[PDB]
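Colleague: Before I ask anything, let me first share the structure, which is written out below as structure tokens.
What follows is calculated from the coordinates using simple rules that are stated; it is not laboratory data. Neighbour counts run over all protein chains shown; Cβ positions are idealised from the backbone, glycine included.
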RNA sequence: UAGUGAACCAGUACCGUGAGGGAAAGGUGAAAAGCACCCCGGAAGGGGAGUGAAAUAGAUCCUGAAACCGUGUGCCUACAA
RNA sequence: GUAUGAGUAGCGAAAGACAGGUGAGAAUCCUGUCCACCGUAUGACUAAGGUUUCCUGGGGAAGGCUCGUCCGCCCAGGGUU
RNA sequence: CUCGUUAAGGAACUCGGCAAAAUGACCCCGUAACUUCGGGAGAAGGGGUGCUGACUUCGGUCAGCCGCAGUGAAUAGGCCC
RNA sequence: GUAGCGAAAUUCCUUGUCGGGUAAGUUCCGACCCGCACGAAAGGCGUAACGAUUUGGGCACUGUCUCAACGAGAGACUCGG
RNA sequence: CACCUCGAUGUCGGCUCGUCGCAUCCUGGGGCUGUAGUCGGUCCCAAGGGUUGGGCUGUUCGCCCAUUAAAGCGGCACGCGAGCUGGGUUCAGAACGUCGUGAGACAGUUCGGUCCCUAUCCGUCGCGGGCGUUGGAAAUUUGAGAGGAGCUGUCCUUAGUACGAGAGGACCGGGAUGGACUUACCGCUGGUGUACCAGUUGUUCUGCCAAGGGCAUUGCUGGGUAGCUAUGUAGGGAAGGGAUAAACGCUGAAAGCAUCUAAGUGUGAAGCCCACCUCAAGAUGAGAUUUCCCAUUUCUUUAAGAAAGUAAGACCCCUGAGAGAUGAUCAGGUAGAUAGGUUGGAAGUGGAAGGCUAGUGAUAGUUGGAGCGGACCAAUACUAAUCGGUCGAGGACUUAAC
Ligand SMILES: [K+]
Ligand SMILES: [K+]
Ligand SMILES: [K+]
Ligand SMILES: [K+]
Ligand SMILES: [K+]
Ligand SMILES: [K+]
Ligand SMILES: [K+]
Ligand SMILES: [K+]
Ligand SMILES: [K+]
Ligand SMILES: [K+]
Ligand SMILES: [K+]
Ligand SMILES: [K+]
Ligand SMILES: [K+]
Ligand SMILES: [K+]
Ligand SMILES: [K+]
Ligand SMILES: [K+]
Ligand SMILES: [K+]
Ligand SMILES: [K+]
Ligand SMILES: [K+]
Ligand SMILES: [K+]
Ligand SMILES: [K+]
Ligand SMILES: [K+]
Ligand SMILES: [K+]
Ligand SMILES: [K+]
Ligand SMILES: [K+]
Ligand SMILES: [K+]
Ligand SMILES: [Mg+2]
Ligand SMILES: [Mg+2]
Ligand SMILES: [Mg+2]
Ligand SMILES: [Mg+2]
Ligand SMILES: [Mg+2]
Ligand SMILES: [Mg+2]
Ligand SMILES: [Mg+2]
Ligand SMILES: [Mg+2]
Ligand SMILES: [Mg+2]
Ligand SMILES: [Mg+2]
Ligand SMILES: [Mg+2]
Ligand SMILES: [Mg+2]
Ligand SMILES: [Mg+2]
Ligand SMILES: [Mg+2]
Ligand SMILES: [Mg+2]
Ligand SMILES: [Mg+2]
Ligand SMILES: [Mg+2]
Ligand SMILES: [Mg+2]
Ligand SMILES: [Mg+2]
Ligand SMILES: [Mg+2]
Ligand SMILES: [Mg+2]
Ligand SMILES: [Mg+2]
Ligand SMILES: [Mg+2]
Ligand SMILES: [Mg+2]
Ligand SMILES: [Mg+2]
Ligand SMILES: [Mg+2]
Ligand SMILES: [Mg+2]
Ligand SMILES: [Mg+2]
Ligand SMILES: [Mg+2]
Ligand SMILES: [Mg+2]
Ligand SMILES: [Mg+2]
Ligand SMILES: [Mg+2]
Ligand SMILES: [Mg+2]
Ligand SMILES: [Mg+2]
Ligand SMILES: [Zn+2]
């Protein structure tokens, strides 16, 4: 089980017994199965799924042709779901939030917010140097290694662009599902900025 | 730190490969037909979007 | 944001009285020492109101046994049976953080009887 | 958030008035202790006639903190000072009377005697 | 957000007030890209106050517009001096009574010789 | 770059409080005949037109090397240490 | 003499903005308005020192750490009773 | 690099409280060991300060008013063993 | 080698031993005296006041630190010179 | 010893950053025991992860305090000073003890004492451009390979059972909740929040009153939106496979017996390969699928020829942010809500100005939860994304099959 949605934002909900829990609101307009991949034609089993209807002027003839099989409007996001039952899916079939029931344990994948160029202290959580006692070493990435190699070993972590990485959070919980609004409330927080793509799947660990 | 070895002509030219200028956004002006930068007032006729300014 | 408002509109409570920071309120807070449920009355001046919608919260301060205590409650928590406005005080600001340093007479608030 | 060198008032009559934190028990690298945690502390100031006396190394349980606790119902409690109670190894308080309010978190930590003696529980 | 325009807070505020009043007085000026893209919002807000027209809006505007001479005429053998604020609330407000925002247009022009700073013309529609 | 430090306005310029120290810098053409006039340009500088045997001898002016820079291209070059 | 580093470091404490003018050419020169800075000074006198840097009219080769139509720069006159 | 703010803790930093923080003006109260009897001493540790009326012996007093805060900003000792 | 002082700016053994301070003190303070190798004008001992002197402790205070976060400006970064 | 370095290889400790060896400190597996149980001792396998906060001292070391499952031992120029510090070694000053007739010196102490360099190359961390991948394009993809992660306490139950005379007290199994670490995020608790709101001092300006502006660290002070954030919140190291290490076998002879091994066959560890997460076809071995465009024109030569209009498509340019040093990425360019403005809200602040009323007055109450309101939300083409241009295929050969 899986679906693609948009990270609407964060709020909180009162459950039964009055406990207050933080939830992420993810909207998922019914996704459309655009293609079914098999061992014969592609060498593996998976279903391609499209989401977020796109204005025609923003699409290409190749993109319009590709979705013509599913007989729907152009989709902004397209992703393949594996480890599913191909028998239950076919081109043109729709997937709605009601695939998940409240209390389901899921894995949520997103693209982390971009922090741009960042120093080692923030990027890798390294330690600062002393800020006084004559210290002239505050936010630098530490030594680069021993003398003997006459080089720097790989993975010597330094400053650079931060964020914007594919991150999965495992074993989140589906607090609620609102089919009319095409909304899923997931306990906790998930990677990515608001309006970014989100991928909900049934937790692999379970 | 100082250059341990002088930079040869070949290596120097390789580095300057990308050190070049570019000219973009030039196209004919509607009013007078002379070349102008797109989204800018045609400096010759002072016209933009078919009107003098 | 409108979508979030719609989702949380259901759980928004309605019997919330009209109170602002500086007013004395009595909160009938539900507690559970196990299966048995009980109501504890926390009475004190409202020191702070912040947030919006379902996320709104408020803080109540009382000096008990010579030690100041502050309880922060979600404004729409079902665990609070009732909020009761004992008095309306006169204050000139939204946050009464200065009250933390004050003791006794210095921390008194003039009533207005809205 | 009570850490090493942090000083707390004593909310009982065991004799100690102010204690200084030596360790935060319960972990190799544990840094901070909050309500319901046990600490090893030293008595930096004691009542002249008390049982516990100045300079004595003792265990204590934090009964209230400036940075307090978050309840499962979404509420919070914060106190105006950091106070602990000196306890025996069996969690029984060394003193006999508790002064000031105490946080409800001690019940699940099984400091039942302290909670009962407390003039108020929140 | 807003641009810092390479100035401290007070200096940026002072420069914005100057240029906004200059645009009110002249109705057409030449500046740089970023300065124009900030002056547009400020000047349109000033015109919004002028449209409102009440004393409260007048005082709010006075907090921002400079005390300059918008123009001078000779009427009834008398010199009449109109300030920037007076011109706003007497001419610009009535002029734009109908438009819903977007009172200014920015025209891109050739870069400045001294710096190659992109220059633009900002004026009232 | 020799020959007096100084072939040339040299014990000068310059340096130092002072004693003192102390340079660089020669060559159009036989003859200025040192490019009238025109064109681009604000000028500079060029292109013509002229002088000249020669102007790639045009005053940074005889010859004009190498380093260095640039243009054009016959061949080679983006799996290579 | 010319490279490399390299079109890189640096461009030396701080507020400028717009309109008009001049001009081949203007962020940098002139005028105007507002704004801002110093004010036991960043104001007014003077001794030493410098030695024409003073004024007027021209100029934009070089100097000005950018630009410059401008200058304590260059050219020509004048100025110390 | 220069500067502002910072939850909880408050020297656990460090060779070392380096740096920063904190105190800082005036008025009143009060002020130790020791001492060469001068000092120590602005020891320490406290209180007052804004505005409006009334009265004053003109320094106050009483009454009222406002703020989180009254040398409401800048300039002003940290102290002790 | 007297008085005086003494693990000292002098004590190697040495973190001497004991006492105080600290939860814990090779530093510090008091005392002891086997003074490696004090000692009376290259002065001995003590000493109020003084010290941008060295040393240890305490209060206050804090981004010194647990453990880092945000914001402002200058450079860095892009463009023209 | 004196082989490199004295036309210079910076020398202790600490900090930042780690990496590696196993002669293993904890955790994992097992044999023996003078192993009853709980504890242990010793040895074997095991380097996956972890292996602390202080007092003293320049210190390493060491002692001590308090914890921990444990507080491992070592290499890397006793790793790491063009990365930091400079407490010590050690310059010049001065003093003590001592030595010397002396200048001075240590067989010794004490106070104070300048740590320079703009990164060319490789290397390391990030980000682009070019071309290739054999017609040109738009997407989705497999995974050769690579990286990340790998820790562990306590409690409850089994059960006061097994064991033990008692004291004491489990294996195995099943639950709950932590420590440290770590991936994300701002709904909550807080921080910050220099074009948000308010109070307020001095001075100055808007002619004056009232109302405001300038400067005083943002003048100061009390709050605070977005964004960025931890100490805040959520999640993770879960289960399970395959081959093994030590170890234990089963069957089994050589060697009638015995024998875990020679053949045959199995159990067996935090370890190894998977499993979980991420990167990944420049993987020149350049893979795979879906979809789009269509075989044009001129000239040379049979040329995998040349150039020139294009198609699909992309880009220039322009409006921008959820992106960002610049490129790039992504959202848009009137086939339009991309930004600005406008309109309506929200957070936030806390009751505007101008009046009225009361008071001698400071000021209070009312008009009125008012006014103001950067980034937040929703509408609205009013302003600007105009008009345009550049680039971009016609698809080689050989041999199977059809
Ligand atoms: K010649
Ligand atoms: K060549
Ligand atoms: K050079
Ligand atoms: K160069
Ligand atoms: K001139
Ligand atoms: K610390
Ligand atoms: K030390
Ligand atoms: K004193
Ligand atoms: K007061
Ligand atoms: K003082
Ligand atoms: K002695
Ligand atoms: K001695
Ligand atoms: K002294
Ligand atoms: K001194
Ligand atoms: K700070
Ligand atoms: K050497
Ligand atoms: K190591
Ligand atoms: K064993
Ligand atoms: K290991
Ligand atoms: K230490
Ligand atoms: K160094
Ligand atoms: K080096
Ligand atoms: K090299
Ligand atoms: K003022
Ligand atoms: K001023
Ligand atoms: K490929
Ligand atoms: Mg640290
Ligand atoms: Mg090597
Ligand atoms: Mg200012
Ligand atoms: Mg020749
Ligand atoms: Mg020649
Ligand atoms: Mg290869
Ligand atoms: Mg090749
Ligand atoms: Mg460089
Ligand atoms: Mg300058
Ligand atoms: Mg002065
Ligand atoms: Mg002059
Ligand atoms: Mg002149
Ligand atoms: Mg110049
Ligand atoms: Mg703090
Ligand atoms: Mg310490
Ligand atoms: Mg330490
Ligand atoms: Mg200091
Ligand atoms: Mg003051
Ligand atoms: Mg001693
Ligand atoms: Mg002597
Ligand atoms: Mg003598
Ligand atoms: Mg003497
Ligand atoms: Mg030999
Ligand atoms: Mg050498
Ligand atoms: Mg081994
Ligand atoms: Mg200490
Ligand atoms: Mg070393
Ligand atoms: Mg080095
Ligand atoms: Mg002698
Ligand atoms: Mg000194
Ligand atoms: Mg938050
Ligand atoms: Mg928010
Ligand atoms: Mg006034
Ligand atoms: Mg001033
Ligand atoms: Zn034109």
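Colleague: Arranged by the count of other C-beta atoms within 10 angstrom, fewest first, what order do A:167, E:65, E:81 take? Could you put the intermediate results ahead of the total?
Modeller: Values: A:167 14, E:65 26, E:81 10.
In order of increasing Cβ crowding within 10 Å: E:81, A:167, E:65.
Colleague: Antiparallel as a % of all DSSP beta bridges within chain D, to the nearest 5?
Modeller: Working: 24 of 27 bridges.
Antiparallel bridges make up about 90 percent of those DSSP assigns within chain D.
Colleague: Most exposed first by the Cβ proxy, i.e. fewest other Cβ within 10 Å, how do E:64, D:111 rank? Mind dumping the intermediate values first?
Modeller: Numbers: E:64 17, D:111 23.
By the 10 Å Cβ count, ascending, the order reads E:64, D:111.
Colleague: Counting only the backbone N, which residues of region D:7-24 are under 20 Å from the spot 7 Å out from the Cα of residue D:89 toward its beta-carbon?
Modeller: So the set is D:22-24.
Colleague: For D:99, A:117, what's the fewest-to-most ordering of other Cβ within 10 Å of each Cβ? Don't skip to the end; give the middle numbers.
Modeller: Details: D:99 20, A:117 9.
Fewest-to-most ranking of D:99, A:117: A:117, D:99.
Colleague: What FRET efficiency do you get for residue B:39 and residue E:68 if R0 is 41 Å and r is their Cβ-Cβ distance, rounded to the nearest 0.05?
Modeller: On the way: r = 33 Å, r/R0 = 0.80.
Between residue B:39 and residue E:68 the formula returns 0.80.
Colleague: Assign one of three labels to chain C, namely rounded, prolate or oblate, based on the Cα gyration tensor with a ≥ b ≥ c the square roots of its eigenvalues; rounded applies when a/c is under 1.5, prolate when it is not and a/b is larger than b/c, and oblate otherwise. Mind showing how you got there, number by number?
Modeller: Numbers: a/c = 2.05, a/b = 1.33, b/c = 1.55.
The shape class here is oblate.
Colleague: I want to check the label-to-label distance for residue D:120 and residue B:21. Put each point 7 Å from Cα in the C-beta direction and report it in nm to one decimal.
Modeller: 8.0 nm
Colleague: With r defined as the distance between the Cβ atoms of residue A:173 and residue D:28 and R0 fixed at 25 Å, what FRET efficiency is calculated, to the nearest 0.05?
Modeller: 0.20
Colleague: Using a ≥ b ≥ c from the Cα gyration tensor of the protein assembly as shown (square roots of the eigenvalues), is it rounded, prolate or oblate, where a/c under 1.5 gives rounded and otherwise the larger of a/b and b/c decides, a/b for prolate? Numbers along the way, then the final one.
Modeller: On the way: a/c = 1.71, a/b = 1.39, b/c = 1.23.
Prolate is the answer for the protein assembly as shown, as a/c is 1.5 or above and a/b outweighs b/c.
Colleague: Follow-up question, since we're still on this one. So what is the calculated 222 nm ellipticity per residue for the protein assembly as shown, using -39500 (n - 2.57) for each DSSP H run with n of 4 or more, over all residues, to the nearest 500 deg cm²/dmol?
Modeller: Working: 9 runs with 85 residues, N = 620.
Dividing the helical sum by the residues of the protein assembly as shown leaves -4000 deg cm²/dmol.
Colleague: Same structure again: Provide the FRET efficiency to the nearest 0.05 for the residue D:3-residue A:122 pair, computing r from the beta carbons and using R0 = 22 Å. Walk me through the numbers before you get to the answer.
Modeller: Numbers: r = 24 Å, r/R0 = 1.08.
Efficiency for this residue pair is about 0.40.
Colleague: Taking 0.36 nm per residue of sequence separation and subtracting the Cα-Cα distance, how much length would be gained by fully extending the chain between residue E:76 and residue E:5, in nm to one decimal?
Modeller: On the way: separation 71, 0.36 × 71 = 25.56 nm, distance 4.54 nm.
Computed gain between residue E:76 and residue E:5 is 21.0 nm.
Colleague: Mind running the shape call on region A:78-206? Use the C-alpha gyration tensor, a ≥ b ≥ c as the square roots of the eigenvalues: rounded below 1.5 for a/c, prolate if a/b tops b/c, oblate otherwise. Please list the in-between numbers first.
Modeller: Numbers: a/c = 3.41, a/b = 2.44, b/c = 1.40.
Since a/c reaches 1.5 and a/b is larger than b/c, the shape of region A:78-206 is classed as prolate.
Colleague: With labels modelled as points extended 7 Å from the Cα through the Cβ direction, what inter-label distance (nm, one decimal) is found for residue B:14 paired with residue C:32?
Modeller: That separation, rounded to one decimal, is 7.2 nm.
Colleague: Treat each spin label as a single point 7 Å out from the Cα along the C-beta direction, and report the residue E:32 to residue A:138 distance in nm.
Modeller: Modelled inter-label distance: 2.7 nm.
Colleague: Could you tell me how far the Cα centroid of region A:113-152 sits from the Cα centroid of region C:62-80, in Å?
Modeller: Value for the Cα centre distance between the two parts: 44 Å.
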